Amino acid sequence: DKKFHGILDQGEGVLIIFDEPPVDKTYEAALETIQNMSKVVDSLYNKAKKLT
Amino acid sequence: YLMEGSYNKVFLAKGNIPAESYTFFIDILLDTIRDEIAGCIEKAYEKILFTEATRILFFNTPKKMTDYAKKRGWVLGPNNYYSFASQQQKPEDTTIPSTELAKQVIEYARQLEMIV
Amino acid sequence: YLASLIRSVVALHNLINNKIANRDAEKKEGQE
Amino acid sequence: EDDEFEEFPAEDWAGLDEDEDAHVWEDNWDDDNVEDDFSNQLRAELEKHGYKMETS
Amino acid sequence: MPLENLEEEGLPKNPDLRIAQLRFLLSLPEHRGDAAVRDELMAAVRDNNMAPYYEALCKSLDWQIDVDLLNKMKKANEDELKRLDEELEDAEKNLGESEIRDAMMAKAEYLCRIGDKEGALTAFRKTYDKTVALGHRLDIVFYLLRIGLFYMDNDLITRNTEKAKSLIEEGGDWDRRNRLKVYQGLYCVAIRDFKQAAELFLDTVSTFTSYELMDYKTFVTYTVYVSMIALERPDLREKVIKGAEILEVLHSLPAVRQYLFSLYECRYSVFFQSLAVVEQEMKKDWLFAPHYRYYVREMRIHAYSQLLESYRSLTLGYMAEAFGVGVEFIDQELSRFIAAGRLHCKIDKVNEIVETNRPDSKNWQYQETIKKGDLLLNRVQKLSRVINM
Amino acid sequence: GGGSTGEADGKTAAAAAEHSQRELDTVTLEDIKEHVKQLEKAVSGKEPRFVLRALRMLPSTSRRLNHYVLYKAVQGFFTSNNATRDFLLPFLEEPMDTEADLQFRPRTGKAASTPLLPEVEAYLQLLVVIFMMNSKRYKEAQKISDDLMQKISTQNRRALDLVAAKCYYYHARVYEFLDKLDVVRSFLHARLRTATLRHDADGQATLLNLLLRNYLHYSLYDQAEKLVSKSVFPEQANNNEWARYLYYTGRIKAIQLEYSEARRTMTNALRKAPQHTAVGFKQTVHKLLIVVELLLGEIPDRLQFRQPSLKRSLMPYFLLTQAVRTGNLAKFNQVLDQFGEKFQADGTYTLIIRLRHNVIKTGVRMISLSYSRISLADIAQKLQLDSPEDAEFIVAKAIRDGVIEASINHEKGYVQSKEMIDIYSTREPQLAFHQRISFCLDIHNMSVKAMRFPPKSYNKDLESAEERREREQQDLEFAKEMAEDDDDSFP
């Protein structure tokens with residue numbers, strides 16, 4: 001349920017709690033703009049097919 | 001077998017007997033084969049017994065294998081011990097990049113500034 | 001990377017605009 | 001100047017064999033390695049190795 | 001009266017989806033021939049069955065072309081195609097627009113309940129150019145969006161989806177904006193996507209008013225089926241398992257209750273033992289999504305991920321008994337998904353310990369970026385060829 | 001006979017092919033009268049030559065003719081004295097002229113002893129060759145036609161070199177049925193070096209292509225390699241020509257063990273063949289691209305096998321990839337066994353057998369990323385290898401080629417992975433980007449540098465125009481100047 005980023009260990013009983021940093025947005029966004037730019041390119045393809 | 005290192009190629013150099021002229025000439029290759037094999041084994045392991053090294057490089061005697069454990073430079077304890085030369089000193093320095101990557105950055109700038 | 005890429009797409013769309021303006025200028029260059 | 005090709009043979013067809021259709025599909029090379037083997041692969045492995053009788 | 005609203009308040013059945021789609025996929029002779037199919041088709045014989053797209057059903061499927069049947073439906077076909085055009089001709093001397101519209105609509109509607117795709121497409125497109133009312137315009141845009149689903153063409157769907165959102169904003173008439181979501185979601189889930197499909201489907205369970213497409217128990221089934229794919233842990237704890245419609249309808253279907261609760265209770269024997277039955281039962285036999293391998297192959301990833309995100313180390317001996325299977329089965333599967341970089345662990349078959357690891361974060365990005373990006377650079381490459389030329 | 005095909009297809013299906021025949025005459029009156037003449041008229045061999053590019057689509061529509069009933073009088077309109085009209089008429093089956101007359105007089109026949117008459121002579125005789133081979137004639141009507149055309153192009157001036165491009169092309173094609181004469185190899189050679197000193201880029205490229213095709217149809221790969229290197233492919237060349245050259249130079253780079261360059265040329269090739277159609281050329285460059293990526297050590301994308309008509313020709317390869325990607329020798333032997341006969345349908349089979357190196361390269365680099373340590377006894381069982389003896393040597397080789405980064409403990413019998421890098425401490429991602437943005441950016445200087453031309457045609461339109469507007473304004477500033485001396489009211 002993602003409430004404290006740990007890892008339980010059986011056989012020794014150690015509850016390891018590694019610390020996790022946050023997934024930086026500078027990528028997630030750029031995934032979204034590359035994503036979007038495709039759509040542009042497609043529609044731009046249909047504008048290409050008309051003049052020539 | 002030669003291009004993608006697979007061995008059992010020293011064994012098939014006496015089994016290609018259907019044409020005898022093959023077995024006369026191919027003997028030459030067998031001095032490069034030993035070299036590539038030891039070239040990989042210099043990195044692939046770190047402790048083997050001596051008689052096994054004699055069974056891998058396709059030697060029959062112990063003497064030959066002393067000479068060839070002397071050219072590569074290994075020690076002769078109870079098991080033939082290796083020296084770490086796979087990644088002896090890592091590439092943990094981007095100080096060596098330093099100048100080169102700065103050249104590259106400058107280059108991008110040239111393409112974004114040129115008059116095209 | 002992202003920057004240069006968008007830059008490229010935009011410039012290219014500029015080029016499409018030139019080509020189409022050229023075709024429609026070629027229909028005028030004829031006529032009378 | 002040229003504008004033609006006519007130096008290579010071709011194949012043209014209207015009997016076309018089928019695969020995964022691609023429209024925006026992810027087109028993974030993983031899904032051509034199976035054949036909807038997944039129901040079969042369970043049943044046969046639960047009887048053969050007895051992990052429907054011995055093991056729950 | 002029977003549960004208040006039941007089997008009413010629907011759009012007309014003119015494109016006659018699913019019954020007339022499903023009868024076609026299950027009209028392939030490698031899983032069913034027999035009269036179970038033929039019956040379905042006879043219902044479509046009673047609604048006049050003369051369309052060269054019916055001669056092209058008896059042609060592609062190699063069913064037998066009985067000329068004695070097709071000329072009675074051709075006779076009926078012609079009788080109402082002349083009756084309707086005479087309704088129209090006499091309707092260009094009576095009222096204006098007000099009365100002409102409904103003749104032209106009675107025509108377009110009937111060129112497609114008899115299954116003639118093209119004539120129908122032009123009668124619809126000729127009535128839409130004759131605009132007047134917002135609600136009607138919408139209705140005949142949904143007609144194209146159903147018909148466009150029952151021959152399953154994508155261009156035909158895209159332009160009408162985006163032409164529908166516009167007319168949905170001009171009126172804001174919300175209740176339509178729902179059923180646009182069920183269409184657009186159905187389409188979103190034909191082609192893979194699930195993500196967006198799970199948002200759409202899952203956020204309108206309460207306002208399912210559509211028929212034609214599903215019955216409603218059906219619709220619920222698909223919702224569960226996708227939500228266990230795109231949504232992650234406590235996204236699904238709230239949206240699904242603690243919801244309203246979900247629990248009530250699931251309550252009368254083990255085919256979803258037992259497939260859902262089990263993935264959540266971590267009862268990984270029940271989970272597989274069902275997942276098979278759900279692959280065959282409804283994936284292969286209904287027009288869900290002809291990537292029936294992709295949904296399972298994905299599901300097994302998801303699951304092995306759960307029973308490996310909580311344990312620094314656990315041995316194959318513990319999973320084999322925990323999935324009900326044996327060591328070989330798991331060995332193959334897990335090795336192939338680790339080779340595909342889907343799981344994020346690794347195994348060693350000396351001890352049979354399954355150590356994990358915690359890379360993730362950016363390491364999965366970039367990877368992803370380069371993927372998408374090279375796709376993009378390629379489409380722009382090709383484009384620059386068509387432009388410079 | 002009325003009611004049958006003795007009059008429905010004897011005079012009414014022949015009369016329609018006579019309307020189309022007599023329309024084709026009107027078309028070559030615009031290919032020759034307007035355009036072949038325009039070459040020398042006012043452009044000295046420019047855009048009116050790309051209207052003779054039409055020589056591609058005109059053989060398909062030369063079925064409107066039968067080297068027609070009106071032809072004897074058509075080559076005789078074009079000329080007064082000609083020895084090609086005295087070969088061409090021997091090679092006609094039967095001209096039986098009718099009362100139609102092209103726009104030539106006894107005055108446009110005197111005036112047609114032109115340096116344009118070599119262009120027409122070759123241009124039409126080319127048509128004679130096209131049909132001569134369609135009808136499955138060769139021998140005398142082959143050689144003679146061609147060699148008279150090889151005496152035509154020996155002449156001077158730089159415009160004939162261009163049409164001689166097409167000449168050479170058909171020359172080789174017909175020479176290639178009976179038996180691809182290596183005799184021509186010398187002619188080509190001699191005419192090639194000549195073209196390098198006349199600096200006829202076009203002819204130079206085209207010719208160089210048919211030459212490379214000669215060396216390649218036989219096993220003279222060394223001879224093409226040293227050549228491709230030592231020679232400079234012209235800069236201006238029609239794209240078709242550039243696609244040929246980029247398919248051949250890539251073929252060569254591929255055979256001499258250099259998949260590196262190949263996969264990058266191969267691809268450029270696929271993307272220069274004309275878009276809408278090009279069926280065969282594309283259909284084959286695929287059969288090679290698919291294997292150069294595999295050989296290189298990379299999986300080909302799936303879209304190459306989801307394509308309209310050319311999906312029926314790739315079907316065997318699909319099961320090569322089934323085996324290569326997965327990583328085991330068993331399936332590779334079985335699949336290259338059933339379909340081996342067809343792979344041997346071209347000279348590709350030499351490249352294929354090499355993949356045995358890569359199916360094991362991948363099988364093993366796949367085991368390294370699946371596991372952390374495993375015994376050699378099992379490594380041999382997943383790879384369908386030989387012995388546990390063979391395995392240890394194979395893995396070892398991998399290591400020394402930095403393609404697995406692991407280690408071996410032999411006194412216990414297991415290979416052990418050293419994997420524990422987070423890719424970002426590498427430069428790798430920065431090298432990958434340094435690749436991306438150089439490519440990308442190059443597109444941005446390039447497409448502005450070609451966008452330059454549309455603005456140029458507009459600058460050809462006046463950008464100092466409407467001088468009478470400016471002169472009217474100047475005549476308003478003398479009324480305005482004094483309007484303000486009269487609003488001041490001061491002298």
# chains A, B, ... in the order shown; residues from 1 in each chain; ligands from 1
$ interface_residues --of "chain C" --to "chain E" --cutoff "8 Å" --atoms "only C-alpha atoms" --output "list in words"
residues 9, 12, 15, 16 and 19 of chain C
$ write_last_selection --atoms "N, CA and C atoms" --output "PDB file, in the first residue's frame"
ATOM      1  N   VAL C   9      11.072  20.383 -35.090  1.00  0.00           N
ATOM      2  CA  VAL C   9       9.710  20.221 -35.599  1.00  0.00           C
ATOM      3  C   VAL C   9       9.164  21.561 -36.060  1.00  0.00           C
ATOM      4  N   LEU C  12      10.642  22.746 -39.307  1.00  0.00           N
ATOM      5  CA  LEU C  12      10.160  21.943 -40.421  1.00  0.00           C
ATOM      6  C   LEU C  12       8.758  22.371 -40.835  1.00  0.00           C
ATOM      7  N   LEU C  15       8.926  25.017 -43.023  1.00  0.00           N
ATOM      8  CA  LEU C  15       9.232  24.630 -44.397  1.00  0.00           C
ATOM      9  C   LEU C  15       7.969  24.215 -45.146  1.00  0.00           C
ATOM     10  N   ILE C  16       7.115  23.387 -44.527  1.00  0.00           N
ATOM     11  CA  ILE C  16       5.855  23.037 -45.195  1.00  0.00           C
ATOM     12  C   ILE C  16       5.126  24.300 -45.611  1.00  0.00           C
ATOM     13  N   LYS C  19       6.605  25.572 -48.850  1.00  0.00           N
ATOM     14  CA  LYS C  19       6.255  24.797 -50.038  1.00  0.00           C
ATOM     15  C   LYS C  19       4.838  25.117 -50.501  1.00  0.00           C
TER      16      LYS C  19
END
$ residues_around --residues "stretch 21-32 of chain C" --least-positions-apart "3" --cutoff "10 Å" --atoms "only C-alpha atoms" --output "list in words"
residues 51 and 52 of chain A; 15, 16, 17 and 18 of chain C; 453, 454, 455, 457, 458 and 461 of chain F
$ write_last_selection --atoms "N, CA and C atoms" --output "PDB file, in the first residue's frame"
ATOM      1  N   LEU A  51      -0.926  19.977 -50.052  1.00  0.00           N
ATOM      2  CA  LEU A  51      -0.177  20.798 -50.996  1.00  0.00           C
ATOM      3  C   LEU A  51       0.547  19.942 -52.025  1.00  0.00           C
ATOM      4  N   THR A  52       0.978  18.756 -51.618  1.00  0.00           N
ATOM      5  CA  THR A  52       1.733  17.858 -52.466  1.00  0.00           C
ATOM      6  C   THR A  52       1.703  16.492 -51.806  1.00  0.00           C
TER       7      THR A  52
ATOM      8  N   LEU C  15       8.926  25.017 -43.023  1.00  0.00           N
ATOM      9  CA  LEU C  15       9.232  24.630 -44.397  1.00  0.00           C
ATOM     10  C   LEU C  15       7.969  24.215 -45.146  1.00  0.00           C
ATOM     11  N   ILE C  16       7.115  23.387 -44.527  1.00  0.00           N
ATOM     12  CA  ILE C  16       5.855  23.037 -45.195  1.00  0.00           C
ATOM     13  C   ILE C  16       5.126  24.300 -45.611  1.00  0.00           C
ATOM     14  N   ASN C  17       5.109  25.301 -44.735  1.00  0.00           N
ATOM     15  CA  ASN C  17       4.425  26.537 -45.088  1.00  0.00           C
ATOM     16  C   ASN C  17       5.036  27.163 -46.343  1.00  0.00           C
ATOM     17  N   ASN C  18       6.369  27.146 -46.456  1.00  0.00           N
ATOM     18  CA  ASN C  18       6.992  27.685 -47.668  1.00  0.00           C
ATOM     19  C   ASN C  18       6.560  26.906 -48.908  1.00  0.00           C
TER      20      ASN C  18
ATOM     21  N   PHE F 453      14.831  28.397 -50.953  1.00  0.00           N
ATOM     22  CA  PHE F 453      14.521  28.568 -52.378  1.00  0.00           C
ATOM     23  C   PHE F 453      13.126  29.160 -52.616  1.00  0.00           C
ATOM     24  N   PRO F 454      12.125  28.730 -51.854  1.00  0.00           N
ATOM     25  CA  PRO F 454      10.805  29.354 -51.953  1.00  0.00           C
ATOM     26  C   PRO F 454      10.867  30.863 -51.771  1.00  0.00           C
ATOM     27  N   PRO F 455      11.535  31.388 -50.726  1.00  0.00           N
ATOM     28  CA  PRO F 455      11.692  32.855 -50.661  1.00  0.00           C
ATOM     29  C   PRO F 455      12.336  33.437 -51.914  1.00  0.00           C
ATOM     30  N   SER F 457      12.019  32.508 -55.162  1.00  0.00           N
ATOM     31  CA  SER F 457      11.078  32.777 -56.254  1.00  0.00           C
ATOM     32  C   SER F 457      10.264  34.045 -55.997  1.00  0.00           C
ATOM     33  N   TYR F 458       9.957  34.342 -54.727  1.00  0.00           N
ATOM     34  CA  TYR F 458       9.228  35.566 -54.393  1.00  0.00           C
ATOM     35  C   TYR F 458      10.094  36.795 -54.608  1.00  0.00           C
ATOM     36  N   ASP F 461       9.899  38.036 -57.717  1.00  0.00           N
ATOM     37  CA  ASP F 461       8.832  39.027 -57.816  1.00  0.00           C
ATOM     38  C   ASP F 461       9.269  40.309 -57.119  1.00  0.00           C
TER      39      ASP F 461
END
$ residues_around --residues "stretch 48-56 of chain B" --least-positions-apart "3" --cutoff "9 Å" --atoms "only C-alpha atoms" --output "list in words"
residues 37, 45, 59, 60, 61, 62, 64, 65, 76, 77, 78, 79, 80, 81 and 82 of chain B; 409, 410 and 411 of chain F
$ residues_around --residues "residue F:79" --least-positions-apart "3" --cutoff "8 Å" --atoms "only C-alpha atoms" --output "list in words"
residues 75, 76, 82, 109, 110, 112, 113 and 117 of chain F
$ write_last_selection --atoms "N, CA, C and O atoms" --output "compact mmCIF listing (two decimals), in the first residue's frame"
# COMPACT_ATOMS: atom_id res chain seq x y z
N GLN F 75 8.04 7.90 -87.42
CA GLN F 75 9.48 8.13 -87.41
C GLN F 75 9.95 8.82 -88.69
O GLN F 75 11.04 9.40 -88.70
N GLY F 76 9.15 8.77 -89.76
CA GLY F 76 9.47 9.43 -91.02
C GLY F 76 9.03 10.88 -91.08
O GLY F 76 9.47 11.62 -91.96
N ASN F 82 18.08 9.44 -92.43
CA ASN F 82 18.29 8.68 -91.20
C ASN F 82 18.53 7.23 -91.57
O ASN F 82 17.84 6.67 -92.43
N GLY F 109 10.11 18.55 -92.05
CA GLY F 109 10.95 17.39 -92.28
C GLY F 109 12.33 17.80 -92.76
O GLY F 109 13.32 17.12 -92.46
N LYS F 110 12.41 18.90 -93.53
CA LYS F 110 13.70 19.48 -93.87
C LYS F 110 14.37 20.08 -92.64
O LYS F 110 15.58 19.91 -92.44
N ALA F 112 14.19 19.17 -89.66
CA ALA F 112 14.51 18.17 -88.64
C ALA F 112 15.73 17.34 -89.07
O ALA F 112 15.66 16.12 -89.28
N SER F 113 16.86 18.03 -89.21
CA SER F 113 18.18 17.42 -89.29
C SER F 113 19.03 17.96 -88.14
O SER F 113 20.21 18.27 -88.31
N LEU F 117 17.75 15.68 -83.12
CA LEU F 117 17.41 14.45 -83.82
C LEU F 117 18.14 13.24 -83.24
O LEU F 117 17.65 12.12 -83.36
$ atom_distance --atom1 "atom CA of residue A:49" --atom2 "atom CA of residue E:131"
29.5 Å
$ residues_around --residues "stretch 3-13 of chain A" --least-positions-apart "4" --cutoff "10 Å" --atoms "only C-alpha atoms" --output "number ranges by chain"
A: 17-20; E: 308-314
$ closest_residue --among "D:31, D:26, D:11, D:47" --to "chain F" --atoms "only C-alpha atoms"
D:11
$ residues_around --residues "residue B:34" --least-positions-apart "3" --cutoff "10 Å" --atoms "only C-alpha atoms" --output "list in words"
residues 7, 10, 29, 30, 31, 37, 38, 39, 56, 57, 58 and 59 of chain B
$ residues_around --residues "stretch 346-351 of chain F" --least-positions-apart "4" --cutoff "8 Å" --atoms "only C-alpha atoms" --output "JSON, numbers by chain"
{"F": [255, 288, 291, 340, 355]}
$ write_last_selection --atoms "N, CA, C and O atoms" --output "short mmCIF file (atom, residue, chain, number, x, y, z; two decimals), in the first residue's frame"
data_model
loop_
_atom_site.label_atom_id
_atom_site.label_comp_id
_atom_site.auth_asym_id
_atom_site.auth_seq_id
_atom_site.Cartn_x
_atom_site.Cartn_y
_atom_site.Cartn_z
N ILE F 255 29.00 -7.81 -46.54
CA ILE F 255 29.62 -9.11 -46.74
C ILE F 255 31.02 -9.15 -46.12
O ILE F 255 31.43 -10.19 -45.59
N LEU F 288 17.31 -7.80 -46.50
CA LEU F 288 18.69 -7.63 -46.04
C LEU F 288 18.79 -6.86 -44.72
O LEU F 288 19.53 -7.28 -43.83
N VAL F 291 18.37 -8.83 -41.64
CA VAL F 291 19.49 -9.69 -41.26
C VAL F 291 20.70 -8.89 -40.79
O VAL F 291 21.48 -9.38 -39.98
N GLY F 340 15.74 -23.36 -45.55
CA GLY F 340 17.05 -23.07 -46.13
C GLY F 340 17.01 -22.97 -47.65
O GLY F 340 17.70 -22.13 -48.24
N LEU F 355 24.81 -16.28 -38.19
CA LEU F 355 24.06 -15.87 -37.00
C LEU F 355 24.25 -16.81 -35.82
O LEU F 355 23.95 -16.43 -34.68
#
$ select_by_dssp --residues "chain B" --states "helix (DSSP H, G or I)" --output "PyMOL selection string"
chain B and resi 11-13+20-44+50-56+62-71+99-113
$ closest_atom_pairs --of "chain B" --to "chain F" --cutoff "9 Å" --atoms "only C-alpha atoms" --output "CSV"
residue,atom,partner,partner_atom,distance
B:1,CA,F:357,CA,8.5
B:3,CA,F:357,CA,7.9
B:4,CA,F:357,CA,5.7
B:5,CA,F:397,CA,5.4
B:6,CA,F:394,CA,5.5
B:7,CA,F:393,CA,6.3
B:8,CA,F:390,CA,7.4
B:36,CA,F:397,CA,8.8
B:37,CA,F:397,CA,8.0
B:39,CA,F:400,CA,7.3
B:40,CA,F:400,CA,4.9
B:41,CA,F:396,CA,6.8
B:42,CA,F:400,CA,8.7
B:43,CA,F:400,CA,6.7
B:44,CA,F:407,CA,5.4
B:45,CA,F:408,CA,5.1
B:46,CA,F:409,CA,7.5
B:47,CA,F:409,CA,7.5
B:48,CA,F:411,CA,6.5
B:49,CA,F:411,CA,8.2
B:86,CA,F:400,CA,8.5
B:92,CA,F:425,CA,8.8
B:94,CA,F:427,CA,8.8
B:104,CA,F:434,CA,8.1
B:108,CA,F:438,CA,7.8
B:111,CA,F:441,CA,7.5
B:112,CA,F:441,CA,8.3
B:114,CA,F:445,CA,8.9
B:115,CA,F:445,CA,8.9
B:116,CA,F:445,CA,6.0
$ write_last_selection --atoms "N, CA, C and O atoms" --output "CSV table (one decimal), in the first residue's frame"
chain,number,residue,atom,x,y,z
B,1,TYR,N,33.7,-21.7,-35.3
B,1,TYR,CA,34.3,-21.7,-34.0
B,1,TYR,C,35.3,-20.6,-33.7
B,1,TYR,O,35.4,-20.1,-32.6
B,3,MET,N,35.7,-17.5,-35.0
B,3,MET,CA,35.2,-16.1,-34.8
B,3,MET,C,34.5,-15.9,-33.4
B,3,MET,O,34.9,-15.0,-32.7
B,4,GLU,N,33.6,-16.7,-33.1
B,4,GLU,CA,33.0,-16.8,-31.8
B,4,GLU,C,33.7,-17.8,-31.0
B,4,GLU,O,33.5,-19.0,-31.2
B,5,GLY,N,34.6,-17.4,-30.1
B,5,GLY,CA,35.4,-18.3,-29.3
B,5,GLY,C,34.7,-19.5,-28.7
B,5,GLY,O,34.1,-19.4,-27.7
B,6,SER,N,34.9,-20.6,-29.4
B,6,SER,CA,34.4,-21.9,-28.9
B,6,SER,C,35.5,-22.9,-29.1
B,6,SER,O,36.2,-23.0,-30.2
B,7,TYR,N,35.8,-23.7,-28.1
B,7,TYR,CA,37.0,-24.6,-28.1
B,7,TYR,C,36.5,-26.0,-27.8
B,7,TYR,O,35.6,-26.3,-27.1
B,8,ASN,N,37.3,-27.0,-28.4
B,8,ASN,CA,36.8,-28.1,-29.1
B,8,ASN,C,37.2,-27.9,-30.6
B,8,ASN,O,36.9,-28.8,-31.4
B,36,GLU,N,44.5,-16.8,-27.7
B,36,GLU,CA,43.2,-16.3,-27.4
B,36,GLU,C,42.6,-16.9,-26.1
B,36,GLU,O,42.0,-16.2,-25.2
B,37,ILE,N,42.8,-18.3,-26.0
B,37,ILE,CA,42.2,-18.9,-24.8
B,37,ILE,C,42.8,-18.3,-23.5
B,37,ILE,O,42.1,-18.0,-22.6
B,39,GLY,N,44.1,-15.5,-23.2
B,39,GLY,CA,43.7,-14.1,-23.2
B,39,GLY,C,42.4,-13.9,-22.4
B,39,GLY,O,42.2,-13.0,-21.6
B,40,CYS,N,41.4,-14.9,-22.7
B,40,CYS,CA,40.2,-14.8,-21.9
B,40,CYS,C,40.4,-15.3,-20.5
B,40,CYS,O,39.9,-14.7,-19.5
B,41,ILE,N,41.1,-16.4,-20.3
B,41,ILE,CA,41.2,-17.0,-19.0
B,41,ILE,C,42.0,-16.1,-18.0
B,41,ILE,O,41.8,-16.1,-16.8
B,42,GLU,N,42.8,-15.2,-18.6
B,42,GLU,CA,43.4,-14.2,-17.7
B,42,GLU,C,42.4,-13.3,-17.0
B,42,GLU,O,42.7,-12.7,-16.0
B,43,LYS,N,41.2,-13.2,-17.5
B,43,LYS,CA,40.1,-12.5,-16.9
B,43,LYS,C,39.0,-13.3,-16.4
B,43,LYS,O,38.3,-12.9,-15.5
B,44,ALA,N,38.8,-14.5,-16.9
B,44,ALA,CA,37.6,-15.3,-16.6
B,44,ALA,C,37.6,-16.0,-15.2
B,44,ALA,O,36.5,-16.3,-14.7
B,45,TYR,N,38.8,-16.3,-14.7
B,45,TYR,CA,38.9,-17.0,-13.4
B,45,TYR,C,39.8,-16.3,-12.5
B,45,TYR,O,40.2,-15.2,-12.8
B,46,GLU,N,40.2,-17.0,-11.4
B,46,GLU,CA,41.1,-16.4,-10.4
B,46,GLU,C,41.9,-17.4,-9.6
B,46,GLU,O,43.0,-17.2,-9.1
B,47,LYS,N,41.3,-18.6,-9.5
B,47,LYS,CA,42.0,-19.8,-8.9
B,47,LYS,C,41.6,-21.0,-9.6
B,47,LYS,O,40.5,-21.4,-9.6
B,48,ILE,N,42.6,-21.7,-10.2
B,48,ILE,CA,42.4,-23.1,-10.7
B,48,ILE,C,43.7,-23.9,-10.3
B,48,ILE,O,44.7,-23.3,-10.1
B,49,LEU,N,43.5,-25.2,-10.3
B,49,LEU,CA,44.7,-26.1,-10.0
B,49,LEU,C,45.5,-26.1,-11.3
B,49,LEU,O,45.1,-25.9,-12.4
B,86,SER,N,41.6,-7.6,-15.2
B,86,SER,CA,40.4,-7.4,-16.0
B,86,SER,C,40.0,-5.9,-16.0
B,86,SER,O,39.8,-5.3,-17.0
B,92,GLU,N,36.9,5.6,-13.0
B,92,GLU,CA,36.2,6.4,-12.1
B,92,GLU,C,36.5,7.9,-12.2
B,92,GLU,O,36.3,8.7,-11.2
B,94,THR,N,36.0,11.2,-14.5
B,94,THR,CA,35.4,12.1,-15.6
B,94,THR,C,36.3,13.4,-15.7
B,94,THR,O,35.9,14.2,-16.5
B,104,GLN,N,32.6,19.3,-27.1
B,104,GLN,CA,31.2,19.0,-27.6
B,104,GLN,C,30.2,20.1,-27.4
B,104,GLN,O,29.6,20.6,-28.3
B,108,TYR,N,27.8,22.2,-30.1
B,108,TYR,CA,26.4,22.5,-30.2
B,108,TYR,C,26.2,24.0,-30.4
B,108,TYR,O,25.5,24.5,-31.3
B,111,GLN,N,26.5,25.2,-33.9
B,111,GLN,CA,25.4,24.9,-34.7
B,111,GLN,C,24.2,25.8,-34.4
B,111,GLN,O,23.4,26.0,-35.3
B,112,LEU,N,24.0,26.2,-33.2
B,112,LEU,CA,22.9,27.1,-32.9
B,112,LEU,C,23.2,28.6,-33.1
B,112,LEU,O,22.3,29.4,-32.9
B,114,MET,N,25.7,29.6,-35.9
B,114,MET,CA,26.0,29.8,-37.3
B,114,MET,C,24.9,30.4,-38.1
B,114,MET,O,23.7,30.4,-37.7
B,115,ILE,N,25.2,31.0,-39.3
B,115,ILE,CA,24.2,31.7,-40.1
B,115,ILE,C,23.8,30.7,-41.2
B,115,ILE,O,24.5,30.5,-42.2
B,116,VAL,N,22.7,29.9,-41.0
B,116,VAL,CA,22.2,29.0,-42.0
B,116,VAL,C,20.8,29.6,-42.4
B,116,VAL,O,20.4,30.5,-41.8
$ decode --residues "stretch 14-27 of chain C" --atoms "C-alpha atoms" --output "compact mmCIF listing (two decimals), in the first residue's frame"
# COMPACT_ATOMS: atom_id res chain seq x y z
CA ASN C 14 7.87 26.44 -41.34
CA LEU C 15 9.23 24.63 -44.40
CA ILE C 16 5.86 23.04 -45.19
CA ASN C 17 4.43 26.54 -45.09
CA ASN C 18 6.99 27.68 -47.67
CA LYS C 19 6.25 24.80 -50.04
CA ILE C 20 2.49 25.39 -50.01
CA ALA C 21 2.94 29.13 -50.52
CA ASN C 22 5.14 28.21 -53.50
CA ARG C 23 2.54 25.96 -55.14
CA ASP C 24 -0.13 28.64 -54.81
CA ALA C 25 2.32 31.22 -56.17
CA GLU C 26 2.86 28.89 -59.14
CA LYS C 27 -0.86 28.93 -59.93
